[PDB]
Amino acid sequence: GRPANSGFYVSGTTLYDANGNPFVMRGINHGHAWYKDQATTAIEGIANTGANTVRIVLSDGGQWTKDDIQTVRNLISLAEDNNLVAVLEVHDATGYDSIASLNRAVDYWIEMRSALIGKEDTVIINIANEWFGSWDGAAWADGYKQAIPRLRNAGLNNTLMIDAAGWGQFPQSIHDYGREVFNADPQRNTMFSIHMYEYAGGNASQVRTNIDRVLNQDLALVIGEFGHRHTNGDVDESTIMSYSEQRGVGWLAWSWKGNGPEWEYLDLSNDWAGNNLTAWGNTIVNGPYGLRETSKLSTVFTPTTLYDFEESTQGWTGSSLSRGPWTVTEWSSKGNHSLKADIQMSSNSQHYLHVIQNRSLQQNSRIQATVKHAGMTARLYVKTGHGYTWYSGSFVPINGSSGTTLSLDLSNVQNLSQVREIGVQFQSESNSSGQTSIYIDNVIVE
Ligand SMILES: [Ca+2]
Ligand SMILES: [Cl-]
Ligand SMILES: [Cl-]
Ligand code: NA
Ligand code: NA
């Protein structure tokens, strides 16, 4: 932020991969330009988190050491070899209003075109990180209206990504002029990015409205950068992650490692290898709506009852659901109600029903729940600690005629006093397809 003192294509609000399958970015930003020797270690580390995309910081020589074409080719290779989509971006014009800085970035992409042309199915070009620091939508648009044509004229066919003005925190620029910028692309293959920090994502209302204001212009969107907090305030990362999942919006967390003292709290990993994630890193990778739960690789590469649901859904949510969850009387194992959700099955597809809530299950030694579907397998799980550490039983077969009781032994679970989430992971079989419903009832601990 500013000082404290045949390939990808866009269709409406959806970004599609080369196979015609929607692609929802779930990834991490890596500050390559400042730490060039960490390329292999960092990208492999990021791949291990389950991320499906890595945004790579490049320098065109304006402020740091220019990344030459061999470096660009190597970075793309590392991403590809690890099944990661690469969003490349030039960082030297960050916060600048000058057309000169933007033109230098454009000249850079043109110079490196031989490493980008032919990589349309795996590489997306983010023209310039946070170009135009002022909050002026018209001036911002004028810059890109001249830049986009230049890029296309040079032969670049990659999907282009455009950062909003105001250091990325002025999404109104996209709502007001995004369509004009998009129409400046003869290939109509441009998407937009918001950097949600303390101004653009300060609270739940801002996160939702800012995302809606870009999408309602029928433009594809990604939260290119976001954190759990920033220079002048808190950032609602929880809503960014939950709402982005609801609306199919991509996101990329900032950043793997290497932030300066003023922003060191934004490092996702303590080590370059990624063997020791920070709390922020665990929120992104292992937390609710995180990488482990929602990231899908581009297809180009591939005794007390806690919940009875008798009066409400009791705070439960889920992911990879078509509709729901709802509390219904259609089926139940205890009382007259159960939690129900609809899902679309696909080969080995995974679906979730979970209650995100801090609580203590200390003293408890077991947790179980009864589930069923309208083949499938399922397992009960819990997450504990600041690291959202996962603990689950083994996947067991469930059926559609009656309920199957799932169980998890808590005797060996650490930090039970710090439970963060409780849920059931449903997994379709290899030859499973079609619509069905999943249910859960009588969640009890002893
Ligand atoms: Ca019940
Ligand atoms: Cl919309
Ligand atoms: Cl939606
Ligand atoms: Na930034
Ligand atoms: Na926060």
Side-chain angles (χ1 to χ4, degrees), residues 10-16 21-26 164 171-172 174-179 182 188 190-194 204-212 214-223 239-251 289 294 296 303-344 353-355 367-374 378 380 398 402-407 422-424 437-446:
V10 178
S11 185
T13 58
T14 304
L15 168 68
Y16 294 82
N21 299 310
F23 184 64
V24 177
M25 291 178 186
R26 285 291 179 271
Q172 192 186 306
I174 303 172
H175 176 76
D176 292 347
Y177 301 95
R179 202 66 196 185
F182 180 84
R188 301 302 167 69
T190 290
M191 67 187 288
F192 298 81
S193 175
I194 298 171
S205 176
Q206 271 179 161
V207 173
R208 293 196 174 82
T209 58
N210 282 163
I211 284 173
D212 294 346
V214 169
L215 297 181
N216 67 34
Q217 292 299 294
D218 208 27
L219 300 173
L221 170 76
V222 63
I223 303 303
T239 301
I240 291 176
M241 294 167 78
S242 63
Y243 200 60
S244 291
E245 185 56 24
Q246 178 186 313
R247 305 221 61 193
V249 172
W251 55 250
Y289 304 111
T294 66
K296 299 179 181 60
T304 300
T305 301
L306 291 182
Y307 297 100
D308 206 1
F309 305 109
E310 300 297 310
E311 304 301 353
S312 70
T313 54
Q314 296 182 282
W316 282 64
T317 52
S319 69
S320 284
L321 307 179
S322 66
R323 308 185 299 192
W326 318 280
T327 170
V328 307
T329 59
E330 179 182 50
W331 175 80
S332 64
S333 68
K334 177 179 174 59
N336 299 306
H337 300 74
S338 71
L339 186 70
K340 174 186 177 177
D342 285 348
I343 66 175
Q344 175 59 48
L353 280 183
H354 51 220
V355 55
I367 184 169
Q368 73 177 204
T370 301
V371 308
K372 68 167 294 183
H373 64 260
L380 178 58
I398 60 176
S402 72
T404 301
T405 300
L406 307 179
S407 64
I422 297 175
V424 176
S437 299
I438 49 176
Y439 311 69
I440 180 175
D441 190 23
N442 193 38
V443 179
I444 60 284
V445 294
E446 55 174 44

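Remember, it's 1-based here, ligands and their atoms both numbered in the order they're listed. The chain is numbered in sequence order, starting from 1. Every heavy atom of this structure was used, including side-chain atoms; hydrogens, water molecules and symmetry mates were not.
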Checklist entry - What protein N, O or S atoms come within a distance below 3.0 Å of the Ca ion (ligand 1), ordered by chain and number? => result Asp308 O, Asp308 OD1, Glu310 OE2, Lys334 O, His337 O, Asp441 OD1, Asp441 OD2
Item to check | Donor-acceptor pair, side chain of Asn442 and main chain of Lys334, under 3.5 angstrom | outcome: no
Item to check | Modelled atom types, side-chain donor and acceptor of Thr317 and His354, under 3.5 Å | outcome: yes
Checklist entry - Between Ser332 (side chain) and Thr329 (backbone), is there a donor-acceptor pair under 3.5 Å? => result no
Item to check | Atom CZ of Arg188 with >12 non-hydrogen neighbours under 6.0 angstrom | outcome: yes
Next on the checklist: Treating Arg179 as the side-chain partner and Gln217 as the backbone partner, does any N or O pair qualify as donor plus acceptor under 3.5 Å?
Outcome noted: yes
Checklist entry - Does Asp212 come within less than 4.0 Å of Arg247, counting only side-chain N to carboxylate O? => result yes
